[PDB]
Structures are given as structure tokens and as C-alpha cells.
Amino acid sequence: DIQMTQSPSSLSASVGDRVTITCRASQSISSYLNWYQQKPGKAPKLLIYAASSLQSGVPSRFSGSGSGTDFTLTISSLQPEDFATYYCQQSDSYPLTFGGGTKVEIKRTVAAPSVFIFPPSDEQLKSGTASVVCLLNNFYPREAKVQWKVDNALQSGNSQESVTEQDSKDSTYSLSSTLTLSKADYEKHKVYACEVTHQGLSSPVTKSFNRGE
């Protein structure tokens, strides 16, 4: 098999920056190298074929170069919408092989999250379980700390977090933290609070509600 090695595995660059990603083939493939762009939840899309031919419709800031065993994809002016994983693929011979991908993310100014807390619905609570949700909306960088406090007591082991992929327009992330309690534990406590720490916040932000109020 012809092994394709991409580098780097991931990179961060500002809007307007020149970005260069490399692809190396284990043996010569002449100019038989294609580049695909894959955005979250979408199929890969052809950008460049035959090492340097730009697919029609693809923005001119994308270019490809190289031959033999060393290839490069270049984005001359990175745009927010260019957040994607890029894959090379040799088309010289079988088996057809792809590189492992390079994830490109946008570096932007710090943006503190807007924080929201949601109590469990009465219907869910009546069924025996209380899910309490904390939302951190449109923030950058991705690193954040979220703590759950019930009557000011720090919770551990009963919450799960989920983070979105970088937004293609504003280059931010959003995050949810969900606290799962039994109906009995939920009904024997009053104050439910989420405490958020982030680079864009000078001091932690707490959002809370009082059960039944």
C-alpha cells in the first residue's frame, strides 16, 4: 500500500493568515493527489485534484502544489468558513488511500460565554429523574471550567459535558453541562447553581435558580 502522511494533525491560525498543510506519499505518485475538505456532519468535498487543479466553484484562496512524494495545500487567506478537516488521497494506484487528515481551526479574540441555567421540567421530574442544564454560549477559547453546586455543595461524578464544533461564522464554541439527580435528591435541595470559569471572565460567573420559585 501507498501510505499517505499528513502534517500537522491540527493547527490554529487567524483569519487572513496563510495556512500550509503537507501530505507525504510513501512512494512516488506523480501528480495523482487529491485534496478533500470536510466540514462537521458533512461528506468530504473535492477542493483540488491532480495535485494543483482547483475544482470549479472552489474559492481562489485554495491552491495545491507538489509532485512525486511531497504535496502541499495552501489557503492564502484563512476565512472563518474554512474550519474543517482536510484530507489528501492518492489516486495513482490501488488500494486507494487517504492521509489521516489535518484539522484547521480559527484563532480569534477572547469572547466570554453567555451563561444560562435550566431547571428540570415538571414532567421529567415526576417520572423520577431531574436533568439540570447549564449552557455556555458562543465563547473562545474552548477551555472552560464548569462546576455544579447544590445548596453551595460541589457535585462530582453526576454531570456530563458536550461541546459544539467551532462555528463557521463567528469561530466560537458552545458547551452544555448536564447534572443528573434522582427526583428525591432534587426535591430535598433548594439552590441549583452553575459556576463558570473562563479566560474572558475576570471572576467566575454563577447562574442559579431556586427550586419551586
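Note that residue numbering follows the sequence shown and begins at 1.
- For the pair 172 to 180 and 39 to 47, the mean Cα B-factor is higher in 39 to 47.
- In this crystal structure, the stretch out of 67 to 75 and 131 to 139 whose C-alpha atoms carry the higher mean B factor is 67 to 75.
- Per the PDB entry, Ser56 shows the highest C-alpha temperature factor of the residues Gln166, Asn34, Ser56, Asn158.
- In the PDB entry, a CA B factor belonging to the lowest third of its chain's modelled residues is recorded for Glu81.
- Ranked by Cα temperature factor within the chain, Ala144 sits in the highest third according to the deposited record.
- Compared with the other modelled residues of the chain, the Cα B-factor recorded for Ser30 ranks in the middle third.
- Sort the chain's modelled residues by C-alpha temperature factor and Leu125 lands in the highest third, per the entry.
- When the modelled residues of the chain are ordered by their C-alpha B factor, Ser162 lands in the lowest third.
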